[PDB]
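First up is the structure itself, then whatever we jot down about it.
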Amino acid sequence: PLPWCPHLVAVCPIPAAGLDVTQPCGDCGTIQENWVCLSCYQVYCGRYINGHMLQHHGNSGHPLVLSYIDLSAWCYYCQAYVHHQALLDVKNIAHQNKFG
Ligand SMILES: Cc1n[nH]c(=O)nc1Nc1ccc(C(C)C)cc1
Ligand code: NA
Ligand SMILES: [Zn+2]
Ligand SMILES: [Zn+2]
Ligand SMILES: [Zn+2]
């Protein structure tokens, strides 16, 4: 992945509620291929289901999203995966919820 991108500044503090990697899409309710937005922590489905996270990027401009399938982080502006120290806390909290 890229070691940095100019949109990491838009990653917001993790809710005290934590993350639920089984949360469904906020628009269509699917349990498949969901992502969480790292700006406002809403959950929406991926490009191969109904494309609601791409729609959320378009209507909010929020840049960076985390996959509940593989814990990768994608930037919609850079069109690339990113890994950085600024993403470790959210990835680690998601890993703990997913795997125990
Ligand atoms: C996460 C993601 N979202 N949109 C997209 O167009 N591509 C994405 N992933 C992706 C995975 C593999 C590759 C390879 C073929 C270089 C490219 C993009
Ligand atoms: Na589809
Ligand atoms: Zn959806
Ligand atoms: Zn968002
Ligand atoms: Zn970026």
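Residue names in the structure tokens use chain letters A, B, ... in the order shown, residue numbers from 1 in each chain, and ligand numbers from 1 in the order shown.
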Test item, strand (DSSP E or B) assignment across region 18-63 of chain A, answer as a list in words: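 Listing strand (DSSP E or B) positions across region 18-63 of chain A yields residues 34, 35, 36, 37, 43, 44 and 45 of chain A.
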Keeping only N, CA, C and O atoms, write the selected residues as a CSV table (one decimal), in the first residue's frame.
```csv
chain,number,residue,atom,x,y,z
A,34,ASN,N,-19.2,-5.2,3.4
A,34,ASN,CA,-19.4,-3.9,4.0
A,34,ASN,C,-18.0,-3.2,4.3
A,34,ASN,O,-17.0,-3.9,4.6
A,35,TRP,N,-18.1,-1.9,4.3
A,35,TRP,CA,-16.9,-1.0,4.7
A,35,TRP,C,-17.4,0.0,5.7
A,35,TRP,O,-18.6,0.3,5.8
A,36,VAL,N,-16.5,0.5,6.6
A,36,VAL,CA,-16.9,1.6,7.5
A,36,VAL,C,-16.1,2.9,7.1
A,36,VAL,O,-14.9,2.8,6.8
A,37,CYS,N,-16.8,4.0,7.1
A,37,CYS,CA,-16.2,5.3,6.8
A,37,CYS,C,-15.3,5.8,8.0
A,37,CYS,O,-15.8,5.9,9.1
A,43,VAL,N,-21.6,2.7,8.0
A,43,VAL,CA,-21.3,1.4,7.3
A,43,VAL,C,-22.2,1.3,6.1
A,43,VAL,O,-23.4,1.4,6.1
A,44,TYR,N,-21.5,1.0,4.9
A,44,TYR,CA,-22.2,0.8,3.6
A,44,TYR,C,-21.5,-0.2,2.8
A,44,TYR,O,-20.3,-0.5,2.9
A,45,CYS,N,-22.2,-0.8,1.8
A,45,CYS,CA,-21.7,-2.0,1.1
A,45,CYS,C,-20.8,-1.6,-0.1
A,45,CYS,O,-20.7,-0.4,-0.6
```
Residue neighbourhood residue 49 (chain A), 10 Å, only C-alpha atoms, exclusion window fewer than 6 positions, as an MDAnalysis selection string: chainID A and resid 28 30:34
Surroundings of ligand 4 up to 6 Å, based on only C-alpha atoms and all ligand atoms, as a PyMOL selection string: chain A and resi 37+39-40+62
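Closest to ligand 3 among A:70, A:48, A:57, A:77 is A:48, based on only C-alpha atoms and all ligand atoms.
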Around ligand 5, out to 8 Å and counting only C-alpha atoms and all ligand atoms, which residues are there? I want them as a short mmCIF file (atom, residue, chain, number, x, y, z; two decimals) with N, CA and C atoms, in the first residue's frame.
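For reference, out_26.cif as written:
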```cif
data_model
loop_
_atom_site.label_atom_id
_atom_site.label_comp_id
_atom_site.auth_asym_id
_atom_site.auth_seq_id
_atom_site.Cartn_x
_atom_site.Cartn_y
_atom_site.Cartn_z
N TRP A 4 1.50 6.73 2.89
CA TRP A 4 0.91 8.00 3.30
C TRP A 4 -0.01 8.47 2.19
N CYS A 5 -1.03 9.27 2.53
CA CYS A 5 -1.73 10.02 1.48
C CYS A 5 -2.21 11.35 2.10
N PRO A 6 -2.53 12.33 1.24
CA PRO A 6 -2.91 13.64 1.76
C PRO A 6 -4.29 13.73 2.43
N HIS A 7 -5.04 12.62 2.49
CA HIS A 7 -6.39 12.59 3.10
C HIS A 7 -6.42 11.96 4.49
N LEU A 8 -5.28 11.47 5.01
CA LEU A 8 -5.22 10.97 6.40
C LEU A 8 -5.67 11.97 7.44
N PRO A 63 -12.92 10.60 2.42
CA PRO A 63 -11.90 9.96 1.54
C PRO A 63 -11.63 8.46 1.79
N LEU A 64 -11.54 8.07 3.08
CA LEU A 64 -10.93 6.80 3.47
C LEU A 64 -11.93 5.87 4.16
N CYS A 75 -8.46 4.70 -0.24
CA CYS A 75 -8.74 6.14 -0.46
C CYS A 75 -9.40 6.30 -1.84
N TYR A 76 -10.61 6.89 -1.87
CA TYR A 76 -11.33 7.08 -3.15
C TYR A 76 -10.73 8.22 -4.02
N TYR A 77 -10.02 9.17 -3.41
CA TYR A 77 -9.33 10.25 -4.19
C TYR A 77 -8.07 9.69 -4.84
N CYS A 78 -7.20 9.05 -4.05
CA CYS A 78 -5.94 8.48 -4.55
C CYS A 78 -6.15 7.21 -5.40
N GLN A 79 -7.33 6.58 -5.28
CA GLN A 79 -7.64 5.28 -5.88
C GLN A 79 -6.50 4.29 -5.60
N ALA A 80 -6.24 4.11 -4.30
CA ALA A 80 -5.14 3.25 -3.81
C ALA A 80 -5.41 2.83 -2.38
N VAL A 82 -3.90 2.40 1.43
CA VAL A 82 -2.99 3.19 2.28
C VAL A 82 -2.74 2.44 3.60
#
```
DSSP-assigned alpha helix (DSSP H) among chain A, expressed as an NGL selection string: :A and (52-60 or 88-99)
One-decimal distance in Å that lies between atom 4 (N, counted along the ligand's line) of ligand 1 and CA of residue 51 (chain A):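 The value is 10.0 Å.
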For residue 74 (chain A), the nearest of the candidates A:12, A:25, A:54, A:19, counting only C-alpha atoms: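 Closest candidate: A:54.
Closest approach to residue 38 (chain A) among A:65, A:88, A:73, A:9 is made by A:65 (distances from only C-alpha atoms).
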Atomic distance CA of residue 55 (chain A) - CA of residue 21 (chain A), expressed in Å with one decimal: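 Separation of CA of residue 55 (chain A) and CA of residue 21 (chain A): 20.1 Å.
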Best match for closeness to ligand 3 among A:10, A:18, A:23, A:1, counting only C-alpha atoms and all ligand atoms: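 Smallest distance to ligand 3 is found for A:23.
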Top pick for closest residue to ligand 1, considering A:90, A:16, A:11, A:66 and counting only C-alpha atoms and all ligand atoms: A:66
Distance of CA of residue 26 (chain A) from CA of residue 52 (chain A), expressed in Å to one decimal place: 8.5 Å
Residue nearest ligand 1 - candidates A:59, A:67, A:42, A:96, atoms counted: only C-alpha atoms and all ligand atoms: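 Counting only C-alpha atoms and all ligand atoms, the residue closest to ligand 1 is A:67.
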